[PDB]
Amino acid sequence: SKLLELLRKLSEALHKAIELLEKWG
Amino acid sequence: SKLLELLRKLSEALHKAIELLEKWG
Amino acid sequence: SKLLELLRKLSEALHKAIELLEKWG
Amino acid sequence: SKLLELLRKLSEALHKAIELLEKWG
Amino acid sequence: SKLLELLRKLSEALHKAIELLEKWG
Amino acid sequence: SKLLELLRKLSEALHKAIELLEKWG
Amino acid sequence: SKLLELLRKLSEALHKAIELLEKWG
Amino acid sequence: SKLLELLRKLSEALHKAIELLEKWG
Amino acid sequence: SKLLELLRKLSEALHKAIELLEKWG
Amino acid sequence: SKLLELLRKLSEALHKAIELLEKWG
Amino acid sequence: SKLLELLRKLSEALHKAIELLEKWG
Amino acid sequence: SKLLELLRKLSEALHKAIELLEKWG
Amino acid sequence: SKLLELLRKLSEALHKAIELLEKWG
Amino acid sequence: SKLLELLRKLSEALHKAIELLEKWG
Amino acid sequence: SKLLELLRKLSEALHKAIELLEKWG
Amino acid sequence: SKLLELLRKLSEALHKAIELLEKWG
Amino acid sequence: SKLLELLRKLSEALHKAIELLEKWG
Amino acid sequence: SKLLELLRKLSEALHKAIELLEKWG
Amino acid sequence: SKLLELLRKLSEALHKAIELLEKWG
Amino acid sequence: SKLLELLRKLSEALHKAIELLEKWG
Amino acid sequence: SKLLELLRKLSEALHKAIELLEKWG
């Protein structure tokens, strides 16, 4: 469960970073 | 522009698949 | 309903990729 | 050009089918 | 309506695939 | 050649029958 | 062989559509 | 059920034509 | 080759979706 | 099982198209 | 180049997620 | 703001990973 | 094994994206 | 056990610094 | 740039924490 | 070494957040 | 308050690091 | 050893001083 | 400004303690 | 050498913390 | 009591330093 929550947390950091790239470019 | 929206749609889907993993496991 | 949400999102991404293939090709 | 029109056409139909799965499911 | 729209869309994909066969053959 | 032509005419008819199914349905 | 298999498949589909046209009309 | 059957047949014909496209192309 | 291999892949998915529509509907 | 099989097949197709985009671009 | 490599890697993680979803589901 | 939100999201996952590391080691 | 390989995959994608942000920004 | 305790400690501080940056920025 | 540089530094730490989890797990 | 490598990494990131807080305040 | 909490946090991590140097030295 | 011991003693006094700054501040 | 200078000096000492744990460890 | 300059670094933070209490007290 | 305790601690660190000067010198 704690390794699934880490995956979820990592995933949503990745979505924010992609979101910033599309906002920029 | 089109490339970055494809990028965003991928990570939006990747997130929703990981959300499902956490809900299942 | 979330399994079908995931399915819908993947087909959206598939369509946008193939759209980009036609514009490039 | 013709082959890419076919991929796009097929991609539209696949999207229409998954859209009907989600409405029925 | 959705079912008939999908049948029409598939029918065009099939027609342009056969159009491509005839040109290639 | 003649066989590919018959394939084309068959698909033309199949598409025009589906078109009138949608018009009637 | 596959060309005639396809031709047979189109014919079988054309008949199913026409069959539904008569039921509806 | 009859429109769904018609739909299946069109998909089968469409895949048979793609088999030939792949071989010829 | 790669375009036609993708073309095949769309068809297979479309057929899987339709088989599910037919079973639900 | 069928929802997941179709989900696998969309991802499989989506991965193939992006592979082409990377070669083309 | 780098934008496309990120797109390909997103696709790979999306497929691994789904492969896991298919295994669990 | 968006950069700072990413930083925050990044170090939460990192804290979670180290918590896992601590529990495992 | 597969859950952790997925973790590695998201991690690699995250670093790719931030590498892009740094180059763009 | 002790050296991972130090990892956890630096992780807590790094997070608190980020949180201050985010509130100040 | 100090933000971006900072982000790059945490992304590196995250990756190494992950890489240790997968070797440990 | 791999653990110490991480710990050095966290030290770098913490010091650069502190440097940012000193510059901003 | 937040600034002072961060100083206390840093101080206590430094003490734990020096504790560790004592054991290894 | 005596150099390590003085280091520990220095860190101790530093912590209680910061502990006093936080109570006073 | 004096609290931030003290904060700078704390992290500066902590980094050097870490950097010496890596030689000794 | 580095152990001796850690000693110096700790001493300067110790001095600045006491100077703050004298200023505050 | 806390001011007097910090004073006792500082006295101890300085005495320890004297010891070291006596050993080296």
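Throughout, protein chains are lettered first and strands after them, A, B, ... in sequence-line order, and every chain is numbered starting at 1.
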Are any of the side-chain heavy atoms of A:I18 and B:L4 separated by less than 4.5 Å?
no

Are any non-hydrogen side-chain atoms of G:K23 and G:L20 less than 4.5 angstrom apart?
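SC-SC contact between G:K23 and G:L20 confirmed.
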
Can you tell me how the ring of P:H15 sits relative to the ring of S:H15, calling it parallel under 30°, perpendicular over 60° and tilted otherwise?
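Answer is tilted, since the angle falls between 30° and 60°.
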
Could you measure the distance from the [atom1] atom of [X] to the [atom2] atom of [Y]? Nearest 0.5 Å is fine.
| X | Y | atom1 | atom2 | value |
| --- | --- | --- | --- | --- |
| H:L21 | E:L21 | CG | CG | 4.5 Å |
| B:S11 | A:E12 | OG | CD | 11.5 Å |
| B:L7 | K:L7 | CG | CG | 5.5 Å |

Checking A:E5 now: which residues fulfil side-chain contact (heavy atoms from CB on, under 4.5 Å) with it, not counting sequence neighbours?
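Once residues adjacent in sequence are excluded, the partners of A:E5 under the side-chain contact (heavy atoms from CB on, under 4.5 Å) criterion are A:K2, A:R8, B:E22, L:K16.
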
Could I get the full list of side-chain contact (heavy atoms from CB on, under 4.5 Å) partners for K:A13, not counting sequence neighbours?
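K:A13 satisfies side-chain contact (heavy atoms from CB on, under 4.5 Å) with B:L14, M:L6, M:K9, M:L10 once adjacent residues are dropped.
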
